[PDB]
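Colleague: Handing you this structure, nothing more for now.
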Amino acid sequence: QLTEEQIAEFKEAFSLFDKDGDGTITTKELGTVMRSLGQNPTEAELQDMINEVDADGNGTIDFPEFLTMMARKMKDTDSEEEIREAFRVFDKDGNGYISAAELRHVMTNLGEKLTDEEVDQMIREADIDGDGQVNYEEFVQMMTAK
Amino acid sequence: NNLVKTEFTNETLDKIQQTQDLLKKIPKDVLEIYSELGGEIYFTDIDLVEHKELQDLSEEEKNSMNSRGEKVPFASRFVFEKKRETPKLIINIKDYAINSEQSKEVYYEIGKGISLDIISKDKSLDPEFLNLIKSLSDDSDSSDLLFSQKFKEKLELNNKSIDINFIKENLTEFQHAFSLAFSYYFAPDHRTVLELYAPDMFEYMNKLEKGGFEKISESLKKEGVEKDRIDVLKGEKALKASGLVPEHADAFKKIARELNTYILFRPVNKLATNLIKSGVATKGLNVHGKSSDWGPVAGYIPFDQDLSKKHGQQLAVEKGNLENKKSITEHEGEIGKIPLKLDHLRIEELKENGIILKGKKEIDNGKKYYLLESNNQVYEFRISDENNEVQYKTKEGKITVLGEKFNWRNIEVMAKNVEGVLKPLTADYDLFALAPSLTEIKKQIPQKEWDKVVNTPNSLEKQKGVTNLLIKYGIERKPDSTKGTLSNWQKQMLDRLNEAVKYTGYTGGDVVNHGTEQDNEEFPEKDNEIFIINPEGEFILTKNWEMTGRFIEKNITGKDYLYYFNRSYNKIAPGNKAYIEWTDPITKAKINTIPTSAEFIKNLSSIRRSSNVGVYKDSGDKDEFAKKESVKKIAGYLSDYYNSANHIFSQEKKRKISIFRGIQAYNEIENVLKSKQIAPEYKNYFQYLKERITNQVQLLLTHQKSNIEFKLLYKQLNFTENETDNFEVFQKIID
Ligand SMILES: [Ca+2]
Ligand SMILES: [Ca+2]
Ligand SMILES: [Ca+2]
Ligand SMILES: [Mg+2]
Numbered sequence: 003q004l005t006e007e008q009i010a011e012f013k014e015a016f017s018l019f020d021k022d023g024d025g026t027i028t029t030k031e032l033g034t035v036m037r038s039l040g041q042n043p044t045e046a047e048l049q050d051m052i053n054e055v056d057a058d059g060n061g062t063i064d065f066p067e068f069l070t071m072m073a074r075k076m077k078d079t080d081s082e083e084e085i086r087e088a089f090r091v092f093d094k095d096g097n098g099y100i101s102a103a104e105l106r107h108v109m110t111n112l113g114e115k116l117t118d119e120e121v122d123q124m125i126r127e128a129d130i131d132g133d134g135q136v137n138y139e140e141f142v143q144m145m146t147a148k
Numbered sequence: 064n065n066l067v068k069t070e071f072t073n074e075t076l077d078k079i080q081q082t083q084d085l086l087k088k089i090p091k092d093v094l095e096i097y098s099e100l101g102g103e104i105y106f107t108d109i110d111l112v113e114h115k116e117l118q119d120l121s122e123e124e125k126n127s128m129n130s131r132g133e134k135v136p137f138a139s140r141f142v143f144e145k146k147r148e149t150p151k152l153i154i155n156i157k158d159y160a161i162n163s164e165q166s167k168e169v170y171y172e173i174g175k176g177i178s179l180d181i182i183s184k185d186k187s188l189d190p191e192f193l194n195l196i197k198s199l200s201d202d203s204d205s206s207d208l209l210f211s212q213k214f215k216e217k218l219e220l221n222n223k224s225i226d227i228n229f230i231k232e233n234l235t236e237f238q239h240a241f242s243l244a245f246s247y248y249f250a251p252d253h254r255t256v257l258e259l260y261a262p263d264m265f266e267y268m269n270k271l272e273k274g275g276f277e278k279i280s281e282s283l284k285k286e287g288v289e290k291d292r293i294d295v296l297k298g299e300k301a302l303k304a305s306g307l308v309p310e311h312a313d314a315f316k317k318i319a320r321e322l323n324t325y326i327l328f329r330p331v332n333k334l335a336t337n338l339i340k341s342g343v344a345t346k347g348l349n350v351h352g353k354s355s356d357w358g359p360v361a362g363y364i365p366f367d368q369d370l371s372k373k374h375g376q377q378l379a380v381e382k383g384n385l386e387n388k389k390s391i392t393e394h395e396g397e398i399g400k401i402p403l404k405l406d407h408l409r410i411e412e413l414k415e416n417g418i419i420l421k422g423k424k425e426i427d428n429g430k431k432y433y434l435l436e437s438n439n440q441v442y443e444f445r446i447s448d449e450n451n452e453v454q455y456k457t458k459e460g461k462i463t464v465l466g467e468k469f470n471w472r473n474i475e476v477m478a479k480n481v482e483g484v485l486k487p488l489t490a491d492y493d494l495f496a497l498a499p500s501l502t503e504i505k506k507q508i509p510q511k512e513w514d515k516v517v518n519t520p521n522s523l524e525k526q527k528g529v530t531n532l533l534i535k536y537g538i539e540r541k542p543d544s545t546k547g548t549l550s551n552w553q554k555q556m557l558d559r560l561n562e563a564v565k566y567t568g569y570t571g572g573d574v575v576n577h578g579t580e581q582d583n584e585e586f587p588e589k590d591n592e593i594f595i596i597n598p599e600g601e602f603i604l605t606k607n608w609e610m611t612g613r614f615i616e617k618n619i620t621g622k623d624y625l626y627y628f629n630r631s632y633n634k635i636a637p638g639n640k641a642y643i644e645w646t647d648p649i650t651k652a653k654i655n656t657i658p659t660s661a662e663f664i665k666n667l668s669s670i671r672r673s674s675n676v677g678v679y680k681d682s683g684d685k686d687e688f689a690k691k692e693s694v695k696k697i698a699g700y701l702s703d704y705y706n707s708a709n710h711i712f713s714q715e716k717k718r719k720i721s722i723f724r725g726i727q728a729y730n731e732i733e734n735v736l737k738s739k740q741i742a743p744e745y746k747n748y749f750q751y752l753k754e755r756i757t758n759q760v761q762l763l764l765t766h767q768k769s770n771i772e773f774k775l776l777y778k779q780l781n782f783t784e785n786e787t788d789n790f791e792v793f794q795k796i797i798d
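Going down the list, the protein sequences come from chains O and A. Following PDB author numbering, the numbering of the first sequence begins with 3 at its first residue and continues without gaps. Following PDB author numbering, the numbering of the second sequence begins with 64 at its first residue and continues without gaps.
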């Protein structure tokens, strides 16, 4: 039972990528709409949902078609919040960033011995914008993105 | 703090190689003292006169005991001591001369000495016999009345047994001595002069070098913290404001330690402290009735609400009673009401507190009744003698706000079921938060899982793999049948707290019934004072919502303990529609972080619902669609910025490749901002986004090469038709 606000969004984004302005979006469009919202279904997992309601040119989904299908992978998840607290933990100093220093740190108390080498390593592969540190944003990506 | 300040590296290695030789001859601890004393040493170039940045009026020449002799000829000095709050040693050097007749450097020693003197052993810790009985060596202990090398015009007074009787009257003088025993024990030349003439000052100075210096340098260091700390009354001075029953608190003192985790409690009503040690049960989630603070019933949850704090609130009571009634209606057999029975101690307690006034007696239906008095002007109360129950009635000349008028009735209180017997209810121990040690959470995870995780080959996967584990076994909070909302460990903790105040002697169940207020996302309250029991077993209590926050940052946050804060903080708690602030690191770094695709579209959605006008309308206007088409373009760039394949590149590229992606976005925004009419509510947001982008791109630039200001770099861009070469430009733009 998505909150109304949680509804405004899906439509504010569903309709942003509804090019031909009607109210049904193409497959590739559905993939787009979602990603923008911070989700990326597999090139094949993107169909099972759109394929679960063939009452169009056996190809698109209306506003509701979508609004409703956002439960199968929605109605049960509330992790976005935990992950944000995970982040707050590593961010030992409260700068809003996660330095390799503190990565290795919290990494050890939890019982793991990381090599000064394999840390500056994670921090790197996790830093997308290249400023050497990871922010909530990139953190979020690293975490969720599978 | 760096103590040395060399201000003008003018001479070759000579001024330097001189300041060095100078300092290195001083004990590494004497400096430490100086440092801790918040001191600084100034080795400036040729700055003789009242000329250095710190040599103009402050706390200068007021009285005249100056050099090894009192001489006071300023313009001729090359060394000086800013003597008051924080010591400030200032020395300068011209050409090569400090070693032939070091009778000069000896002033850089005394001049220094005048720092430690009145703040050393001489007076810092008081002249403890150590320095007093050393001054007694005036002429009566050793066969060496050779103290002219430090005592002429102020101690030719051999005709005085110097002891407590007079040593104070001349501290400024019993320093000038400590300034020579020092200037001599370290002077690059004369050192034995001090070991020869006076046999004590030497051994003294010598034992000071043996470690006396590391002493004060440690009594000032430890006090370094204790001095400037966060004002938080500890010990029973707090355990009193706390509210907890001292026995329990102490009981808790164990767990905190065994389990190694801070425990914070919100205020526990004073008016209910003893009702607990007594044996009265505590309020759970099953009851949302209000307590009381006046009369016999005070501290209990009166079934009658007009007998609780909200005395008069025709609705807080109206909807108030409606709560107890439900409390019993739904949770029958577990929650209900029973006659009030103020025992003995309680009575003598509600005494001085002035809640009640036991007085005249009376007789009714054959039984005795001492009358219990209260200034309340609508209810009269009396306790019974056989059973000491408590009764009341709506005075013969008055009424009850709801419109009720009744004669002597028994005062029922709320009571839950404990061991099969309704027991009256009182304030419970509301945990504000629980801060377990990160390592104790480790012990929470099942050896095998955490094992099967670290083995992972992929490094970045290992991290994720772990974080979740830490989320799974330490940050996650599920709801629950009774204990409200809390984490699994949070529960185990909950028991170890209750079974801990159980072995103490409490007979009325648990005292901690639900989860931590940091999960009170619905009706979050903001208490000023928070009682905390650190892992060492030390009671503490803060005074501000700030201090609390500031305390938790210093000890819990930045110190290897897991802590999370109420998800409704900085938001608008639905239930009581409250706005309670809490420093959020993440939000700190927002100011200069480019938004995300989703964070962007999110904000669009919000405003839509706010001004019922979207960034673009569903119309035929072709400038509208432009706007739509254009946001979709930003929703792209922003989305492009945060690309996961950015790893197959190098930190160098990463910044650049993103400083552009970012810039791209900044453009289309500047673009739309200059489009057709876009509601100003949006006009502002887009305005906000700009600064973020700006800020962000600046960060990526100063991180790498410094001169290029965002505004300028922008100018030099060609966003007309071709973007291609523009990027090649950007690269050159950064060289
Ligand atoms: Ca369409
Ligand atoms: Ca940090
Ligand atoms: Ca970063
Ligand atoms: Mg409670």
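Positions of the beta carbon are idealized from the N, C-alpha and C atoms, including for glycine.
Just the chain A side, please: which residues come within less than 7 angstroms of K94 of chain O by C-beta, in chain order?
Modeller: Along the first sequence, read from residue 1 onward, the residue named residue 94 of chain O stands at position 92. Near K94 of chain O (Cβ distances below 7 angstroms), the residues of chain A are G621.
Colleague: Does DSSP put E113 of chain A in a helix, a strand or coil?
Modeller: Residue 113 of chain A sits at position 50 when you count from the first residue of the second sequence. In the structure shown, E113 of chain A sits in coil (DSSP, three-state: anything other than H, G, I, E or B).
Colleague: Does the stretch 693–701 of chain A come close enough to the stretch 651–661 of chain A to have 3 or more Cβ pairs within less than 8 angstroms?
Modeller: yes
Colleague: Would you verify that the beta carbon of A304 of chain A is, or is not, closer than 8 angstroms to some beta carbon of chain O?
Modeller: Counted from its first residue, the second sequence places residue 304 of chain A at position 241. Cβ-Cβ to chain O under 8 angstroms: no for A304 of chain A.
Colleague: For residue 42 of chain A, which three-state DSSP category applies?
Modeller: A query on residue 42 of chain A cannot be resolved here, the shown segment of chain A reaching from 64 to 798 and no further.
Colleague: Would you say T26 of chain O touches ligand 1, meaning its beta carbon is less than 7 angstroms from a heavy atom?
Modeller: Locating residue 26 of chain O in the first sequence gives position 24, counting from the first residue. Answer for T26 of chain O: yes, Cβ within range of ligand 1.
Colleague: Give the DSSP-derived three-state secondary structure of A652 of chain A in the structure shown.
Modeller: Taking the second sequence and counting its residues from 1, one reaches residue 652 of chain A at position 589. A652 of chain A: helix per DSSP, three-state reduction.
Colleague: How many Å lie between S163 of chain A and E258 of chain A at the Cα?
Modeller: Taking the first residue of the second sequence as 1, we reach residue 163 of chain A at position 100. Taking the first residue of the second sequence as 1, we reach residue 258 of chain A at position 195. Their backbone Cα atoms lie some 22 angstroms apart in a straight line.
Colleague: State yes or no: is the C-beta of residue 837 of chain A within less than 8 angstroms of the C-beta of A636 of chain A?
Modeller: Missing from the structure shown is residue 837 of chain A; chain A here goes from 64 to 798 and no further.
Colleague: Under 8 angstroms between beta-carbons, which chain A residues line up against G40 of chain O? List them in chain order, please.
Modeller: Residue numbering aside, residue 40 of chain O sits at position 38 when the first sequence is read from its first letter. In chain order: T659, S660, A661.
Colleague: Please work out which residues of its chain come closer than 7 angstroms, Cβ to Cβ, to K717 of chain A, disregarding the five sequence neighbours upstream and downstream, and give them in chain order.
Modeller: One-based indexing of the second sequence puts residue 717 of chain A at position 654. For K717 of chain A, the CB contacts under 7 angstroms within the same chain, skipping 5 residues up- and downstream, are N709 in chain order.
Colleague: Given that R671 of chain A touches chain O, what residues does it touch there, using C-beta distances under 7 angstroms?
Modeller: Within the second sequence, the letter at position 608 stands for residue 671 of chain A. Residues of chain O passing the Cβ test: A10, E14.
Colleague: Could you tell me if the beta carbon of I619 of chain A falls within a distance shorter than 7 angstroms of some heavy atom in ligand 2?
Modeller: Your numbering for residue 619 of chain A matches position 556 in the second sequence. Not under cutoff, so the answer is no.
Colleague: Based on the DSSP output, what are the partners of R86 of chain O in its beta bridges?
Modeller: Position 84 of the first sequence holds residue 86 of chain O. According to DSSP, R86 of chain O bridges with nothing at all.
Colleague: Do we get a CB-CB distance below 8 angstroms when we pair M72 of chain O with the residues of chain A?
Modeller: The sequence position of residue 72 of chain O within the first sequence is 70, counting from 1. Judged by the 8 angstroms Cβ criterion, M72 of chain O is not in contact with chain A.
Colleague: Please report the straight-line C-alpha distance between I419 of chain A and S447 of chain A, rounded to a whole angstrom.
Modeller: Counting from one through the second sequence, the residue named residue 419 of chain A turns up at place 356. Counting from one through the second sequence, the residue named residue 447 of chain A turns up at place 384. Near 15 angstroms, if we compare the C-alpha coordinates of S447 of chain A and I419 of chain A.
Colleague: Could you say which of A:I401, A:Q759, A:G306, A:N747 lies nearest to residue 800 of chain A if we only look at CA atoms?
Modeller: Only positions 64 to 798 of chain A appear in this structure, which leaves residue 800 of chain A out of reach.
Colleague: Looking only at its chain, what residues have a beta carbon closer than 6 angstroms to the beta carbon of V93 of chain A, apart from the 5 residues adjacent to it on each side?
Modeller: Numbered from its first residue, the second sequence carries residue 93 of chain A at position 30. Cβ within range, chain order: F276.
Colleague: Along chain O, in chain order, which residues have C-beta atoms closer than 9 angstroms to that of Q714 of chain A?
Modeller: In the second sequence, counting from the first residue as 1, residue 714 of chain A sits at position 651. Within 9 angstroms Cβ-Cβ: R126, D129, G132, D133, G134.
Colleague: Once the 5 residues before and after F366 of chain A are set aside, which same chain residues still bring their CB inside 7 angstroms of it?
Modeller: Mapped onto the second sequence, residue 366 of chain A falls at position 303. The answer, listed in chain order, is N387, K400, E475, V476, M477.
Colleague: Is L100 of chain A near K145 of chain A, with beta carbons less than 8 angstroms apart?
Modeller: Locating residue 100 of chain A in the second sequence gives position 37, counting from the first residue. Locating residue 145 of chain A in the second sequence gives position 82, counting from the first residue. For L100 of chain A and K145 of chain A, no; Cβs fall outside 8 angstroms.
Colleague: So that I know if they touch, is there some Cβ in chain O lying closer than 8 angstroms to that of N706 of chain A?
Modeller: If you number the second sequence from 1, residue 706 of chain A lands on position 643. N706 of chain A counts as touching chain O.
Colleague: Can the beta-carbon of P251 of chain A be found closer than 8 angstroms to that of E124 of chain A?
Modeller: As a working note, residue 251 of chain A is residue 188 in the second sequence. As a working note, residue 124 of chain A is residue 61 in the second sequence. Taking 8 angstroms as the Cβ cut-off, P251 of chain A and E124 of chain A do not qualify as a contacting pair.
Colleague: Could you spell out the range, first to last residue, of the beta strand (DSSP E) harbouring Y433 of chain A?
Modeller: Position 370 of the second sequence, counted from the start, is the residue given in the question as residue 433 of chain A. That run of the beta strand (DSSP E) goes 430–436.
Colleague: Mind checking whether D582 of chain A and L549 of chain A have CB atoms under 8 angstroms apart?
Modeller: As a first step, residue 582 of chain A must be located in the second sequence, where it is residue number 519. As a first step, residue 549 of chain A must be located in the second sequence, where it is residue number 486. Yes, they are a contact pair.
Colleague: Is it the case that the Cβ atoms of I664 of chain A and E82 of chain O are separated by a distance below 8 angstroms?
Modeller: The sequence position of residue 664 of chain A within the second sequence is 601, counting from 1. The sequence position of residue 82 of chain O within the first sequence is 80, counting from 1. In this structure, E82 of chain O does not lie closer than 8 angstroms to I664 of chain A by Cβ.
Colleague: Tell me whether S371 of chain A counts as near ligand 2, meaning its Cβ is closer than 7 angstroms to at least one heavy atom of that ligand.
Modeller: What you label residue 371 of chain A is simply residue 308 of the second sequence in a count that begins at 1. Not under cutoff, so the answer is no.
Colleague: Please decide whether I649 of chain A counts as near chain O, where near means a Cβ-Cβ distance under 8 angstroms.
Modeller: On the second sequence, residue 649 of chain A is found 586 positions in, with the first residue counted as 1. Cβ-Cβ to chain O under 8 angstroms: yes for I649 of chain A.
Colleague: Does the beta carbon of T519 of chain A come closer than 8 angstroms to any beta carbon on chain O?
Modeller: Position 456 of the second sequence holds residue 519 of chain A. No, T519 of chain A does not count as interfacial toward chain O.
Colleague: May I have a chain-ordered list of the beta strand (DSSP E) segments no shorter than 3 residues that lie completely inside the stretch 339–366 of chain A?
Modeller: none
Colleague: Considering only their Cβ atoms, is the gap separating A102 of chain O from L533 of chain A smaller than 8 angstroms?
Modeller: Counted from its first residue, the second sequence places residue 533 of chain A at position 470. Counted from its first residue, the first sequence places residue 102 of chain O at position 100. Not closer than 8 angstroms, so no.
Colleague: By DSSP's criteria, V453 of chain A is part of a beta bridge. Which residues make up the other side?
Modeller: Start at 1 with the first residue of the second sequence, and residue 453 of chain A comes out as number 390. Its beta-bridge partners are A:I446.
Colleague: Between the stretch 518–551 of chain A and chain O, which residues of the former have a C-beta closer than 9 angstroms to a C-beta of the latter?
Modeller: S522, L523, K525, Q526, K527, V529, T530, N531, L532, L533, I534, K535, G537, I538, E539, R540
Colleague: Just to confirm before moving on: does the CB-CB distance between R140 of chain A and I173 of chain A stay below 8 angstroms?
Modeller: Residue mapping note: residue 140 of chain A aligns to position 77 of the second sequence, counting from 1. Residue mapping note: residue 173 of chain A aligns to position 110 of the second sequence, counting from 1. No. Outside cutoff.
Colleague: Closest Cβ-Cβ distance between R755 of chain A and chain O: below 8 angstroms?
Modeller: As a first step, residue 755 of chain A is located in the second sequence; it is residue number 692 there, counting from the start. No, no contact with chain O.
Colleague: Give me, in chain order, the residues of the same chain whose beta-carbon lies closer than 7 angstroms to that of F614 of chain A; leave out the 5 immediate sequence neighbours on both sides.
Modeller: Reading the second sequence from its first residue, position 551 is the one you call residue 614 of chain A. By the criterion of a C-beta distance shorter than 7 angstroms, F614 of chain A is surrounded in its chain by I293, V295, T605, once the five residues flanking it on both sides are discounted.
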